[PDB]
Structures are given as C-alpha cells and as structure tokens.
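# Summary of the model geometry
Listed below, chain by chain, are the residues.
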Amino acid sequence: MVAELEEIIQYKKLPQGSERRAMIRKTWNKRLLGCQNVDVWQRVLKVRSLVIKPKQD
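Numbering of residues starts from 1 on every chain and follows the written order of that chain's sequence, so it may differ from the entry's own numbering; residues lacking coordinates are omitted. Readers should keep in mind that the chains presented make up only part of a larger assembly and that every value pertains to that part. Calculated side-chain values reflect all of the structure's heavy atoms, with hydrogen atoms and water omitted. Residues with missing side-chain atoms are left out of burial classes, side-chain pairs and their counts.

This entry, as listed in the PDB, derives from cryo-EM and reports a resolution of 6.70 Å.

The subject of this paragraph is the overall build of the protein. To qualify as a helix, a DSSP run of H or I must reach at least 4 residues; to qualify as a strand, a run of E must reach at least 2; elements of each kind are numbered from the N terminus. When helices and strands are tallied, the protein shows three helices and zero strands. When the helices and strands of the protein are listed from N to C terminus, the series reads α-α-α. Its C-alpha atoms give the protein principal-axis dimensions of about 30 × 25 × 20 Å.

With that settled, consider unusual backbone geometry. With an omega of -20 degrees, the peptide bond running from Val51 to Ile52 counts as cis. Look at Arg20: it is not a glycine, yet its phi comes out positive at around 65 degrees. Mapped onto the elements of the fold, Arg20 is located in the loop between α1 (2–13) and α2 (21–34).

Looking now at α2. Its 14 residues place the ends of α2 19 Å apart at the C-alpha level, agreeing with the 20 Å of an ideal helix rising 1.5 Å per residue. Taken from the residues just after α2, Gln36 is the one with a positive phi, measuring 60 degrees. Expected span, for any helix, means 1.5 Å times one less than how many residues it has.

Its 13 residues give helix α3 (residues 38–50) an end-to-end C-alpha distance of 18 Å, which sits within 8% of 18 Å, the value for a rise of 1.5 Å per residue. Following α3 by one or two positions, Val51 has its phi on the positive side, about 55 degrees.

Right under this line is the structure:
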C-alpha cells in the first residue's frame, strides 16, 4: 500500500492537470478498496497523504 502510494505520488507529481491521472489514481483507490478495514482506512488516509481532499473526491 505504502509502495503503491509512493509510486502514485511520483505519478501525480509528474502528472499535469487532469490527464489519465484521475482515472489512474481513482481506479488505484478502487482496487485498493478491493483488499478490504480500519487500517484500510489508515492507508486510505495515506492516499489522503497524497490527498487532495474530499474535494478531490
């Protein structure tokens, strides 16, 4: 989770505004939710470390 998060960070960092990044990270989050919990919400909060807020979605 941490790793994928890191790579994701690399991605969004690299990402210009809203190209392929939204879909990617979104699906990333979806599949992430696939593994299923509390600490699940913790790493979810790691996605939140990548953020952006409930704004972002």
